[PDB]
Amino acid sequence: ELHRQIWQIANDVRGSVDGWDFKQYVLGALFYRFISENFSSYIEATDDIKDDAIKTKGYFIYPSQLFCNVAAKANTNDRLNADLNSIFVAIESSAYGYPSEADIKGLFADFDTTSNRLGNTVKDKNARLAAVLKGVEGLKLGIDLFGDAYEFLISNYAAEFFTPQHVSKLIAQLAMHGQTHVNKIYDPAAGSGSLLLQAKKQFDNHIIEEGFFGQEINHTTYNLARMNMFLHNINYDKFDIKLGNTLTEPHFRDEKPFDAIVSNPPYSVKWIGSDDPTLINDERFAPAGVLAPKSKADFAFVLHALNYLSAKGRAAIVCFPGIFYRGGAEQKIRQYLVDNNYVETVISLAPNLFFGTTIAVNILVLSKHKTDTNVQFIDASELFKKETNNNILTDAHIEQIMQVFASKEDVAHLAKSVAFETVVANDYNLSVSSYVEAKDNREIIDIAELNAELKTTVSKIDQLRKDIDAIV
Amino acid sequence: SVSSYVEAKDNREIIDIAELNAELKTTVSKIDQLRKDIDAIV
Amino acid sequence: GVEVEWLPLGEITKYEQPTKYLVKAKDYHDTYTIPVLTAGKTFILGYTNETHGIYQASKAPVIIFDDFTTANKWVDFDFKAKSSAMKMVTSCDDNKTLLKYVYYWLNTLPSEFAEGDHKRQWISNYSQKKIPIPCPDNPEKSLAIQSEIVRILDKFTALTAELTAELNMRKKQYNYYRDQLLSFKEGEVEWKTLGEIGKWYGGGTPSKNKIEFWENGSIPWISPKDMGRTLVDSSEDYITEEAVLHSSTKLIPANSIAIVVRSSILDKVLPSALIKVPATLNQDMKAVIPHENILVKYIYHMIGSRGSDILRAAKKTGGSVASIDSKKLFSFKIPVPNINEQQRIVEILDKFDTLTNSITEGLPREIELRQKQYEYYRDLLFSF
Amino acid sequence: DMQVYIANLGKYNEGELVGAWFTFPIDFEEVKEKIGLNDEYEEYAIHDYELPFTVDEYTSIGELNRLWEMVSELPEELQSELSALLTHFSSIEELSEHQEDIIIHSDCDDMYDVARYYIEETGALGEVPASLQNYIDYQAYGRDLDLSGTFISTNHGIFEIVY
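Chains as they are written, first to last, in the authors' numbering: chain D, 11 to 55, 71 to 167, 174 to 190, 198 to 510; chain A, 469 to 510; chain E, 13 to 396; chain F, 3 to 165.
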């Protein structure tokens, strides 16, 4: 109802062009809006929405450490947005240098790659700034996901991974259990880490320890995902995200052997080996024996995931369901995963419950916290896989999924644990057990027989009188 | 252009073929029904 | 029925793939001979059998449709192609198998074999194991005692095929007979223009956010997906009796008829049902009550009878989901006789299509009961 | 086509460089009369090859004829695209396991054609109404098959490694 209003504003600001350049508008304006809320509220103690040279950067170096900027003492959202026909042109690419560089300290570069100083026209440009940032200046509350429009501007084509929040809630409540520990938290191959937002801004007063060292390919996606959490007070003083490819650069390799991680491995994650560098003889693919091929290198990531692992803290990943064990090219891989219980449990899901897949995935939960027994504790449905307007708090199931994941709850029409030797007795079910007993009816011979007999005997005289009436 | 839109794919057939097929398949059905009644072995 | 063993599936089976088919043609006209049999039904029409390597010659193999479905089963009856997904199944040992036996024996387990869900090939599943086989009565008396029941079940499958056949024959015959007879009526029957017989209605759309006016009550809310049936007194949806405060609908008596104006016509014949309770409906469709000059069954079947032409009457009125107007749905002269002449001929008409059509006292219902008893007796039988 | 420059380990620095090209089948005594000997037996210095695959620097000549017989065993369109097919696999007997499991598409040339083939002419869904005729997202269907199926884009067509 309020998000209906915010939703309609999100619809209408899309007129008349898409959020590739409106990325810059929304992020810069909402960023300095957050500054004029928070940073200026630090220096309210009642004076200025129209902020002026009252910052005292000698003493305002503390948010230049903590908010990692003195952004614009003289170049505010009020001190840049007034008129038509001024001097000069250039206010959106280069020379807001003192917040963009901001080397002292904890700088986290490529921080302000949206709008600094240039610049195309005189005040078509700067009056575009004036009028549009003034029409955005008054977009009031009507604050946790106050960039819901930004959660829809990144979802503009999404109405490939753009964080389905029900799946994200499922991973975060399935990060449970065995979680009040250190560190909190690691994420490899993150992307749009708002799954980390409902994983930690939900757990903010619960436990908050360490930075979220995601790693994605697309640099604009990287930067928007970095500032995305920071939009709604998730601190980026030191809690940050690294850039690169995750196998050529699995930094930090030293810090540390992690305990609790999550991820969504996407597609477009394949790579060619096998291996030409010394990743042929690395710490993770020499335990694999055979190595990740040119296309199905998704299976490298779990090999990466055990590389960053401890026994107590458990790790939730997902893969699209091209894993039964994928032949002898991956069997020993699977066998390595059932050399011990390196993999602990698996969970299936329902198609779609995503953005247009329409396939399920396979959740793989990995800890070296063994019983030992093979786990097939899966449930396809339900998992009411329609939309996000029914069963919105719980799915009536996240407590039930939580209980099955808790301790070995072996409920029919749902799969249960099998023997550790059963998966090597069988040819590595993933997952065929159990899929119990749908649509098996049985009726009475007399009831199905006499009723048919009666309705036929109706039909015979109907046929005869029809032939009577078939006469002209 | 509702005018004219003239009347494609209109077909009709003759009575006697249909009704003779009708009566012969009913006889086949009836002998199969009494045969099924024989097959009703409990 | 003593010496019965499970046997592996691909044991006696010569399973194979289709060979190099060049079936990628553009026209398959009936002057050509061999069926280009694909998934779904077992018949797209003829093709040239000469110099295309079509197999066609064992007079009883079977197949598996589909890749990713594994449920569509057909006996390769006479002389058939290898059209593009026909993964071929016959036997190695042709002394025991009698594979209409195993054509049945697939669907003896529909609970693990005949369920097509995702994009997965199932070579191990149909290849390996198992099937209860009366081996070691192999081959001699096993095929003999199973020949008894396979004669019975082939007559039951024949029953299914012929009842569908005579259903189609009866429907086609009677639909010819509807308008061969009962047309051109003389004389002289009044050429009453449409809708003038009684004040037909429009409907009215509620608010679905009115939770009181959407869940409770017992007025059957009628949708065009509730339509397509015949004589729907009450629909599936049970909208509120107080919903008439905020629905703008029309209250109907027990002798109303319904009509749609969206989403399926402009292409086909219009659905119609006899609505018989006080029920309500939106602007997606309309309703007719007649008035006193009539018979409401005669009005109903005057709609259904002239359906092939009252589709044409107000035909396009937009190429959208939006379809046939009210205008020339009000503006066509139909023969409407006097009240002494409706009841006899519409009684014969009602009598015939309540012989044929849905559901109880209906041939397809009978077909479905025989389908149920067929599958039940197959379960009953191969419990040896 | 498929010929090797193999001689000799005697004068290891490619001294006594003899023996130009050897098409298959290749014999010990044939190459031995081609080269003489290096006073002992240290020969078949693999240094150059016209082969459609990857061979090793010390592969014995019987193994070379074995590889060639496996090549000649395979159909020629697969012999043309051994380089692409061996990317998924690792050896040839491995390829000879699933040599029945290759779907060939000269007819289909991109993923769009694969989707249109498996939908339209295969009839994987049956009804194509004229109201629904355009309205089959071949692009997303090809994306989903690319997620599921192992596909290889080649010159002569598209090869689907189905299991």
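Note that beta-carbon positions come from the ideal geometry of N, C-alpha and C, so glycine has one too.
Note to self: Looking at the secondary structure, which residues open and close the beta strand (DSSP E) in which residue 160/F lies?
What the structure shows: As a position in the fourth sequence, residue 160/F is number 158, starting the count at 1. Counting along the chain, the beta strand (DSSP E) containing residue 160/F begins and ends at 160-163.
Notebook entry, point to check: Listed from N- to C-terminal order along the chain, which residues in the stretch 157-189 of chain E have their beta-carbon within a distance smaller than 9 Å of any beta-carbon of chain F?
Noted result: none
Check: Going straight from the alpha carbon of residue 95/D to that of residue 165/D, what length do you get?
Finding: Position 70 of the first sequence, counting from 1, holds the residue named residue 95/D. Position 140 of the first sequence, counting from 1, holds the residue named residue 165/D. Cα to Cα, residue 95/D sits roughly 24 Å from residue 165/D.
Margin query: Spatial neighbours of residue 9/F within its chain, please: C-beta separation below 8 Å, excluding the five flanking residues on both sides.
Written below: Taking the first residue of the fourth sequence as position 1, residue 9/F is located at position 7. Cβ within range, chain order: 18, 19, 20, 21, 33, 36, 37, 45, 46 and 47.
Notebook entry, point to check: Is it the case that the Cβ atoms of residue 452/D and residue 433/D are separated by a distance below 8 Å?
Noted result: Along the first sequence, read from residue 1 onward, the residue named residue 452/D stands at position 414. Along the first sequence, read from residue 1 onward, the residue named residue 433/D stands at position 395. Result no, Cβ atoms of residue 452/D and residue 433/D do not sit closer than 8 Å.
Next item on the list: Assign residue 120/E to one of two classes, buried (16 or more other C-beta atoms within 10 Å of its C-beta) or exposed (fewer than that).
Entry: Along the third sequence, read from residue 1 onward, the residue named residue 120/E stands at position 108. Burial call: buried.
Checklist line | Per-residue contacts from residue 126/F into chain E (C-beta, under 7 Å) | finding: On the fourth sequence, residue 126/F is found 124 positions in, with the first residue counted as 1. Here the neighbours are 51 and 78.
Check: Is the Cβ of residue 334/E closer than 8 Å to any Cβ of chain F?
Finding: Stepping through the third sequence from its first residue, residue 334/E is reached at position 322. Not closer than 8 Å to any Cβ of chain F, the Cβ of residue 334/E fails to qualify, so no.
Checklist line | residue 382/E: contacting residues in chain D (beta-carbon distance under 8 Å) | finding: In the third sequence, the residue the question calls residue 382/E occupies position 370. The answer, in chain order, is 490.
Notebook entry, point to check: Since residue 133/E meets chain C, which of its residues come closer than 9 Å, beta carbon to beta carbon?
Noted result: Included in the structure are the protein chains D, A, E and F, with no chain C among them.
Check: Cα-Cα, which of 345/E, 180/E, 337/E and 308/E is closest to residue 354/E?
Finding: Counting from one through the third sequence, the residue named residue 354/E turns up at place 342. It is 308/E whose Cα lies nearest to the Cα of residue 354/E.
Item checked: Straight-line gap, residue 98/D to residue 305/D (C-alpha atoms, nearest Å) -> Your numbering for residue 98/D matches position 73 in the first sequence. Your numbering for residue 305/D matches position 267 in the first sequence. Whole-angstrom Cα-Cα distance: 44 Å.
Notebook entry, point to check: How should residue 485/A be labelled, buried or exposed, when 16 other C-beta atoms within 10 angstroms of its C-beta is the threshold for buried?
Noted result: Counted from its first residue, the second sequence places residue 485/A at position 17. Exposed: under 16 other Cβ atoms inside 10 Å.
Note to self: Less than 8 Å between the beta carbons of residue 88/F and residue 97/F, yes or no?
What the structure shows: One-based indexing of the fourth sequence puts residue 88/F at position 86. One-based indexing of the fourth sequence puts residue 97/F at position 95. The answer is yes: Cβ separation under 8 Å.
Notebook entry, point to check: Would DSSP call residue 22/D helix, strand or coil?
Noted result: Translated into the one-based positions of the first sequence, residue 22/D becomes position 12. Residue state, collapsed to three classes: helix.
Notebook entry, point to check: In this structure, does DSSP put residue 86/E in helix, strand or coil?
Noted result: On the third sequence, residue 86/E is found 74 positions in, with the first residue counted as 1. Correct three-state label for residue 86/E: coil.
Notebook entry, point to check: Would you report the Cα separation of residue 69/F and residue 365/D, rounded to the nearest angstrom?
Noted result: Reading the fourth sequence from its first residue, position 67 is the one you call residue 69/F. Reading the first sequence from its first residue, position 327 is the one you call residue 365/D. Cα-Cα distance, rounded: 23 Å.
Notebook entry, point to check: Is the Cβ of residue 140/E closer than 8 Å to any Cβ of chain F?
Noted result: For the purposes of this step, residue 140/E is taken as residue 128 along the third sequence, with counting starting at 1. By the rule that beta-carbons nearer than 8 Å mark a contact, residue 140/E does not touch chain F.
Next item on the list: Determine the DSSP secondary structure at residue 141/D, reduced to helix, strand or coil.
Entry: In the first sequence, residue 141/D corresponds to position 116, counting from 1. In this structure, residue 141/D counts as coil in the three-state DSSP scheme.
Next item on the list: List the residues of chain E that residue 507/A touches, going by C-beta distances under 7 Å, in chain order.
Entry: Start at 1 with the first residue of the second sequence, and residue 507/A comes out as number 39. For residue 507/A, the chain E residues whose Cβ falls inside 7 Å of its Cβ are 164, in order along the chain.
Margin query: Assuming residue 5/F is part of the beta strand (DSSP E), what are its boundary residues?
Written below: Translated into positions along the fourth sequence, residue 5/F becomes position 3. Where residue 5/F is concerned, the enclosing beta strand (DSSP E) stretches over 5-8.
Check: Buried or exposed: which applies to residue 319/D, given that a residue is buried once 16 or more other Cβ atoms fall within 10 Å of its Cβ?
Finding: On the first sequence, position 281 is the one that residue 319/D refers to. Result: exposed.
Notebook entry, point to check: Taking the DSSP output, what are the residues bridged to residue 76/D?
Noted result: The count along the first sequence starts at 1 and reaches residue 76/D at position 51. Answer by DSSP bridge pairing: none, since residue 76/D is not bridged.
Next item on the list: Could you please give the first and the last residue of the uninterrupted alpha helix (DSSP H) stretch that includes residue 124/D?
Entry: Translated into positions along the first sequence, residue 124/D becomes position 99. Note, residue 124/D: alpha helix (DSSP H), 122-125.
Item checked: Burial state of residue 157/E, where buried means 16 or more other Cβ atoms lie within 10 Å -> For the purposes of this step, residue 157/E is taken as residue 145 along the third sequence, with counting starting at 1. Burial call: exposed.
Note to self: Against chain E, does residue 98/F count as a neighbour if the rule is that its beta carbon must be under 8 Å from one of theirs?
What the structure shows: Counted from its first residue, the fourth sequence places residue 98/F at position 96. For residue 98/F, the answer is no, since every Cβ of chain E falls outside 8 Å of its Cβ.
Check: Where does residue 376/E sit, in a helix, a strand or coil, going by DSSP?
Finding: Along the third sequence, read from residue 1 onward, the residue named residue 376/E stands at position 364. DSSP places residue 376/E in helix when its eight states are reduced to three.
Margin query: Is there a C-beta anywhere in chain D that falls below 8 Å from the one on residue 134/F?
Written below: By 1-based counting over the fourth sequence, the position of residue 134/F is 132. No, residue 134/F lies away from the interface with chain D (no Cβ there is under 8 Å from its Cβ).
Next item on the list: Kindly list, in the order they appear in chain A, the residues whose Cβ is closer than 9 Å to that of residue 328/E.
Entry: The count along the third sequence starts at 1 and reaches residue 328/E at position 316. Within 9 Å Cβ-Cβ: 469, 470 and 473.
Item checked: CB contact flag (residue 160/F, residue 103/F, <8 Å) -> For the purposes of this step, residue 160/F is identified with residue 158 of the fourth sequence, where counting begins at 1. For the purposes of this step, residue 103/F is identified with residue 101 of the fourth sequence, where counting begins at 1. Result no, Cβ atoms of residue 160/F and residue 103/F do not sit closer than 8 Å.
Item checked: Contiguous alpha helix (DSSP H) assignments of at least 4 residues, all confined to the stretch 18-43 of chain F -> 30-37
Margin query: Quick check on residue 331/D - is its C-beta less than 8 Å from some C-beta in chain F?
Written below: Position 293 of the first sequence, counted from the start, is the residue given in the question as residue 331/D. Closer than 8 Å to some Cβ of chain F, the Cβ of residue 331/D qualifies, so yes.
Notebook entry, point to check: Are the C-beta of residue 97/E and some C-beta of chain F separated by less than 8 Å?
Noted result: Within the third sequence, residue 97/E is the residue found at index 85, counting from 1. Yes, contact with chain F.
Notebook entry, point to check: Going by DSSP, which residues form a beta bridge with residue 286/E?
Noted result: Along the third sequence, one-based indexing puts residue 286/E at 274. As computed with DSSP, residue 286/E is found in a beta bridge with 269/E.
Margin query: Using C-beta distances below 6 Å, list every residue in its chain close to residue 126/D, excluding the 5 sequence neighbours before and after it, in chain order.
Written below: Walking along the first sequence from the start, residue 126/D turns up at place 101. If we look at residue 126/D and ignore the five residues flanking it on each side, it has no Cβ neighbours.
Next item on the list: Consult DSSP for residue 100/D and reduce its assignment to one of helix, strand or coil.
Entry: One-based indexing of the first sequence puts residue 100/D at position 75. The answer is coil: DSSP assigns residue 100/D none of H, G, I, E or B.
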